[PDB]
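Each remark here refers to the structure printed beneath this line.
Cβ placement follows ideal geometry from the backbone for every residue including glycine, while neighbour counts extend to all protein chains displayed. Here, each number is a calculation from the coordinates, and none is a lab measurement.
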Ligand SMILES: *[C@@H]1O[C@H](CO)[C@@H](O[C@@H]2O[C@H](CO)[C@@H](O[C@@H]3O[C@H](CO[C@H]4O[C@H](CO)[C@@H](O)[C@H](O)[C@@H]4O)[C@@H](O)[C@H](O[C@H]4O[C@H](CO)[C@@H](O)[C@H](O)[C@@H]4O)[C@@H]3O)[C@H](O)[C@H]2NC(C)=O)[C@H](O)[C@H]1NC(C)=O
Ligand SMILES: *[C@@H]1O[C@H](CO)[C@@H](O[C@@H]2O[C@H](CO)[C@@H](O[C@@H]3O[C@H](CO)[C@@H](O)[C@H](O)[C@@H]3O)[C@H](O)[C@H]2NC(C)=O)[C@H](O)[C@H]1NC(C)=O
Ligand SMILES: *[C@@H]1O[C@H](CO)[C@@H](O[C@@H]2O[C@H](CO)[C@@H](O)[C@H](O)[C@H]2NC(C)=O)[C@H](O)[C@H]1NC(C)=O
């Protein structure tokens with residue numbers, strides 16, 4: 001009679017049907033992903049339509065039961081998730097326009113494109129031809145031209161579209177309870193109710209700012225090194241006291257400066273840490289790249305996958321007549337029908353991505369006993385952190401030497417450790433300030449603080465100071481760099497990257513502490529040690545039944561993210577980093593611009 | 001009739017041959033007053049629920065074994081026999097029942113009863129169909145496949 005048991009008697013009635021419908025929708029999605037045909041996408045859209053409609057009735061059904069008689073965390077979560085994720089607050093006149101603007105944004109990001117300078121020949125998209133030049137092709141003129149051509153062909157017309165989408169999404173957000181659309185993305189880590197684990201969405205921004213301030217001392221030295229190397233390479237434009245031109249960051253928007261690392265090489269006599277050659281040497285194929293990964297997972301206590309998984313997993317791009325997508329994606333079809341769709345042929349990056357996907361699959365497998373609506377224990381930050389830490393632990397040279405990917409002759413001298421630690425730093429600290437700036441800027445935009453006519457003004461004001469990167473061309477309000485992004489156009493959060501950046505280091509230090517491994521955080525090999533694997537499996541099977549802060553306290557200890565694992569992980573790097581950076585100007589000139 | 005249990009061994013590679021009151025190896029050297037055989041199909045994860053004293057979803061509502069049980073329980077996999085891509089909805093099982101079921105008794109009913117407080121008198125608040133089907137598919141893993 002009490003609503004507490006009425007909620008569960010309603011739940012178990014539709015739980016099986018919801019599981020079946022989700023399985024069918026995922027089946028249609030995987031079919032279209034494997035089979036690129038009009039009927040396959042039609043089946044995707046139809047199955048998604050049934051699932052969304054069922055969520056539409058489920059929202060009202062959940063709203064039927066009051067939430068003031070609910071005390072179970074499981075029942076509370078299950079009832080609340082369907083209330084908002086299967087309903088919308090915007091009326092038809094506004095919801096239809098919001099959906100249309102989202103579709104047009106995605107289309108303009110995809111269809112809208114630029115190519116070779118002043119040539120009506122065969123063209124290429126951003127990642128194939130433009131972001132490729134921005135990433136690896138080290139050429140000032142080409143990168144400088146593309147950095148504005150892509151935005152004038154995509155972000156220019158998307159700027160009014162992005163503004164209208166921001167207004168519409170804010171209209172949707174502020175209606176029920178939120179204060180902005182950024183409150184939606186800040187709710188991925190909000191914790192309330194349970195004693196000893198409480199959080200506020202406003203305090204998350206303060207935590208991100210504090211982490212940025214903590215990384216600032218390292219990031220300014222990294223900026224000094226990058227500016228010195230750029231001045232050595234291109235003294236024509238880069239000043240020894242200014243910022244870094246955005247095009248000279250190994251990408252269009254600076255996140256992973258791996259090619260910029262090549263110019264900023266600490267030691268030219270770096271030994272071989274590459275096992276890509278060893279893949280050919282030791283006869284590595286698609287199956288083995290996952291087989292030794294499974295062996296490593298078993299050695300740490302994580303059970304392998306079933307043969308049915310391997311008989312439904314696509315480890316190699318089909319090509320031929322039925323083309324597919326080579327983008328790494330691990331698939332959980334439902335009811336123990338895990339799949340995959342990615343490529344692993346001859347490279348060490350294939351090995352790392354295999355560990356990434358295997359960690360994700362094991363994490364999803366662990367909480368299989370949890371209820372379907374509680375299968376959302378895959379916290380995006382925690383999920384990506386686990387995927388990254390598994391590859392980080394398996395990438396240690398000790399594990400490769402033991403397996404056979406490397407040899408005992410090669411040693412971890414100062415040159416080697418400095419080289420790979422600084423290579424990882426150029427991708428981690430390379431993206432940390434930019435990620436923080438983007439998150440804060442989009443939060444303020446969705447809050448309405450940034451004027452619609454001064455988006456780029458505030459963007460560059462923060463870029464020159466917070467990021468220490470100044471635009472190589474006088475970019476202005478006409479274009480929109482964020483609008484020309486895949487995640488933004490598809491309306492995807494980016495706080496996931498910033499959270500996982502510290503979450504992975506917290507997980508790594510927790511694993512090394514639990515296993516009592518002897519060695520630094522940059523050489524932590526826990527292959528044959530499963531002691532930390534037991535606690536890792538406990539956290540994996542916890543699922544969405546306990547707050548993520550509680551799991552972090554049980555494993556790491558600190559409820560909030562901490563930079564100290566990053567600090568002592570980079571300390572051997574920091575020793576050499578200090579010497580080569582105090583010589584140059586630690587600061588940068590915000591007023592100075594690369595375009596003279 | 002002459003009861004030969006040898007034909008049962010080679011019929012199928014059974015993975016569960018629990019025998020309670022009689023050791024299986026002596027089954028060929030005994031005589032019984034009467035023999036009863038019952039057949040049904042369930043999912044893998046419910047296989048453990050077929051035992052005396054054991055309490056679960058299936059035992060409490062569908063098939064309850066008395067404690068004084070002297071027979072044998074045999075279960076073998078039949079995934080490839082009754083797996084279809086569309087969904088094997090032809091098989092049905094009771095999703096939930098109002099009251100406990102007496103051992104060695106069966107209930108055939110589909111009346112939509114009120115599983116709440118206010119009398120439903122039809123489909124509505126907390127009033128649901130007692131039965132519920134399931135779509136077995138060949139791509140399913142162990143635990144969601146037909147078992148005889
Ligand atoms: C409320 O309802 C919404 C939908 O209405 C749900 O949102 C979905 O949440 C899931 C879970 O996170 C999302 O799945 C994830 O999507 C990520 C986005 O990737 C995009 O970009 C890549 C290109 O890089 C595309 O290929 C891809 O198709 C997407 O367009 C993925 O990156 C995630 O993959 C990660 O994990 C897998 C392991 O499974 C790894 O293999 C990957 O490498 C990667 O690390 C993941 O697939 C889904 O996209 C969301 N949908 C939408 C529309 O946003 C909410 O979850 C739901 N909330 C509840 C129920 O509480
Ligand atoms: C809050 O909600 C959760 C989710 O339902 C409750 O967990 C439930 O706990 C009971 C008690 O153990 C579980 O019953 C068990 O069933 C198995 C057979 O499935 C049986 O073998 C056990 O002996 C036991 O009876 C129940 O399964 C479990 N729910 C789920 C979905 O697994 C929890 O109890 C609730 N909180 C409170 C305070 O009741
Ligand atoms: C984990 O244990 C296994 C089992 O001994 C190790 O594999 C052997 O390692 C020795 C010495 O490194 C080699 O001589 C053997 O050839 C290896 N066996 C096989 C089948 O390759 C493995 O090296 C250990 N790994 C770690 C990191 O300790």
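Among residues of segment A:496-516 that are farther than 28 Å from residue A:206 by Cα, those with a Cβ under 6 angstrom from a residue that is not in a helix (DSSP H, G or I), sequence gap 6+ or separate chain, pair up as A:512/A:524; A:515/A:526; A:515/A:529.
Of the residues A:354, A:330, which single one is touching a helix residue (DSSP H, G or I) at 6+ places or on another chain (Cβ under 8 Å), free of Cβ contacts under 8 Å to residues at least 60 places away in the same chain, within 11 Å of ligand 1 (Cβ to nearest atom) and not in a loop (DSSP other than H, G, I, E, B)? Answer to the check: A:330. Do we have residue B:87 as within 12 Å of another protein chain (Cβ to nearest Cβ), without any contact (Cβ under 8 Å) to a residue 24 or more places away in the chain, part of a loop (DSSP other than H, G, I, E, B) and more than 30 Å from residue B:20 (Cα to Cα) here? Judged against the criteria, residue B:87 is not a match. Among the residues examined, residue B:80 does not qualify as loosely packed, with under 15 Cβ neighbours inside 10 Å and part of a strand (DSSP E or B). For segment B:120-140, a tally of residues being out of contact with any strand residue (DSSP E or B) (no Cβ under 8 Å at 6 or more places or on another chain) and either more than 12 Å from chain A (Cβ to nearest Cβ) or within 30 Å of residue B:76 (Cβ to Cβ) (or both) returns 7. Answer with yes or no whether residue A:523 is away from ligand 1 (no atom under 16 Å from the Cβ) and within 27 Å of residue A:423 (Cα to Cα). In short, yes. On the given criteria, is residue A:500 touching a strand residue (DSSP E or B) at 6+ places or on another chain (Cβ under 9 Å) and in a helix (DSSP H, G or I)? Spelling it out, it is not the case that residue A:500 is touching a strand residue (DSSP E or B) at 6+ places or on another chain (Cβ under 9 Å) and in a helix (DSSP H, G or I). Only residues that are in contact (Cβ under 8 Å) with a residue 12 or more places away in the chain and either under 12 Å from residue B:4 (Cα atoms) or surrounded by 12 or more Cβ atoms within 10 Å (Cβ to Cβ) (or both) were counted across segment B:16-33, and they come to 9.
Output yes when any residue across segment A:399-422 is assigned to a helix (DSSP H, G or I), within 19 Å of the chain's Cα centre (by Cα) and surrounded by fewer than 19 Cβ atoms within 10 Å (Cβ to Cβ), and no when none is. Among the residues of segment A:399-422, not one is assigned to a helix (DSSP H, G or I), within 19 Å of the chain's Cα centre (by Cα) and surrounded by fewer than 19 Cβ atoms within 10 Å (Cβ to Cβ), which makes the answer no.
Taking the numbered list (1) crowded, with 20+ Cβ neighbours inside 10 Å; (2) within 16 Å of ligand 2 (Cβ to nearest atom) in turn, residue A:369 passes all entries but (1).
So that you can scan it fast, the table gives a plain yes or no per residue for (1) in contact with a helix residue (DSSP H, G or I) (Cβ under 6 Å, 6 or more places away or on another chain); (2) more than 19 Å from residue A:362 (Cβ to Cβ):
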site: A:514; (1), (2): yes, no
site: A:519; (1), (2): no, yes
site: A:528; (1), (2): yes, no
site: A:534; (1), (2): no, no
site: A:538; (1), (2): no, no
site: A:542; (1), (2): yes, no
site: A:549; (1), (2): no, yes
site: A:567; (1), (2): no, yes
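The helices (runs of 4 or more DSSP H) located wholly in segment A:3-115 that include 3 or more residues which are on the phi < 0 side of the Ramachandran plot, surrounded by 14 or more Cβ atoms within 10 Å (Cβ to Cβ) and within 14 Å of chain B (Cβ to nearest Cβ) occupy A:3-34, A:38-64. Condition test on residue A:273, is it surrounded by fewer than 16 Cβ atoms within 10 Å (Cβ to Cβ) and either more than 16 Å from ligand 1 (Cβ to nearest atom) or within 14 Å of chain B (Cβ to nearest Cβ) (or both)? Here the answer is no, as residue A:273 does not meet what is asked. For segment A:190-203, filtering for residues that are surrounded by 14 or more Cβ atoms within 10 Å (Cβ to Cβ) and either in a loop (DSSP other than H, G, I, E, B) or in contact (Cβ under 8 Å) with a residue 40 or more places away in the chain (or both) leaves 5.
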